[PDB]
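A short write-up of the structure that comes next.
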Ligand SMILES: N=C(N)c1ccc2cccc(N)c2c1
Ligand code: NA
């Protein structure tokens, strides 16, 4: 997250921290995710497509820092790694950038909701917020594009939704951004999601209820003029989520 502010997991209790164990035992942060039900974390396929071994991953819930065991946190293994069959990546655009992680503790249990571990509601069909709506993003992603390390403390920011017509403008992304994708950015281009924030939530308050409107997918650089963050439009994939979580 470029700009924004430092936060803690109590303010984003659906946020999942996904790590990968490497050969030799080193563990590195991969992507963010969202708890949509006690057994299921939703993220982006591009986070896992090159290493699609469910055994390689570690999932934390209720974790506020990259290298601290936050009080009340829960650690999980991935029981099932479901990647969207029609995923593909162009130079910029990521297609069907959605994944499901069925989580299981070493005892074989799913998440136990607490004050710091909660689910995020899914959106309803054909009911996304209008352009200009302020939405929040959360992640352990880069604070600056030139950084090579990720911030130790969880960050959050607020961005505004951009219409598909505006995002398809030539100086924006042209025909590369599709109707299955949602753009969001800062009108002043100072705050944004960045590398490392992928898979993380774009949460919008709609009709008084907070919902998982988007999943951090792609963008040209970070917080660059006319280059919004691009998110998987979760409302399009509701038949796919429902069928793959049964
Ligand atoms: N500009 C963005 N919001 C954005 C979002 C996700 C990204 C993922 C990998 C690399 C980037 N530069 C990204 C930028
Ligand atoms: Na690390």
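Here chain A follows Swiss-Prot for its numbers: 179-424, in order, are the residues you see.
This entry, so its header tells us, was determined using X-ray crystallography, 2.0 Å.
The backbone N, Cα and C atoms fix where each Cβ goes, and this holds for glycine too.
Here's what Swiss-Prot has on this protein:
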- 209-225: disulfide bond (DISULFID)
- 217-288: disulfide bond (DISULFID)
- 224: active site, charge relay system (ACT_SITE)
- 275: active site, charge relay system (ACT_SITE)
- 313-382: disulfide bond (DISULFID)
- 323: phosphoserine (MOD_RES)
- 345-361: disulfide bond (DISULFID)
- 372-400: disulfide bond (DISULFID)
- 376: active site, charge relay system (ACT_SITE)
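Features as recorded by Swiss-Prot, highlighted on the structure.
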| residue | record | DSSP (3 states) |
| --- | --- | --- |
| 209 | disulfide bond | strand |
| 217 | disulfide bond | coil |
| 224 | active site, charge relay system | helix |
| 275 | active site, charge relay system | coil |
| 313 | disulfide bond | strand |
| 323 | phosphoserine | coil |
| 361 | disulfide bond | strand |
| 372 | disulfide bond | coil |
| 400 | disulfide bond | coil |
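Within 10 Å of residue 275 (active site, charge relay system), counting C-alpha to C-alpha distances, fall the following of the recorded positions 224, 225, 288, 372, 382, 400: 224, 225. A Cα-Cα distance of 5 Å separates residue 376 (active site, charge relay system) from residue 209 (disulfide bond). Filtering 209, 372, 376, 400 by Cβ distance to ligand 1 (under 6 A) retains the following recorded positions: 372, 376, 400.
The distance from the Cα of residue 323 (phosphoserine) to the Cα of residue 400 (disulfide bond) comes to 6 Å.
Nearest by CA distance to residue 382 (disulfide bond), out of the recorded positions 224, 225, 361, 372, is 361. On a Cα basis, residue 313 (disulfide bond) lies 17 Å away from residue 400 (disulfide bond). Following the DSSP three-state reduction, the secondary structure of residue 345 (disulfide bond) is helix. Around the Cβ of residue 376 (active site, charge relay system), 25 further Cβ atoms fall within 10 Å across all displayed protein chains. Sequence-distant neighbours of residue 217 (disulfide bond) (same chain, 6+ apart, CB under 8 A from its CB) are 257, 280, 281, 282, 288, 289. A sphere of 10 angstroms centred on the C-beta of residue 372 (disulfide bond) encloses 25 other C-beta atoms.
If you measure from the Cα atom of residue 209 (disulfide bond) to that of residue 361 (disulfide bond), you get 19 Å.
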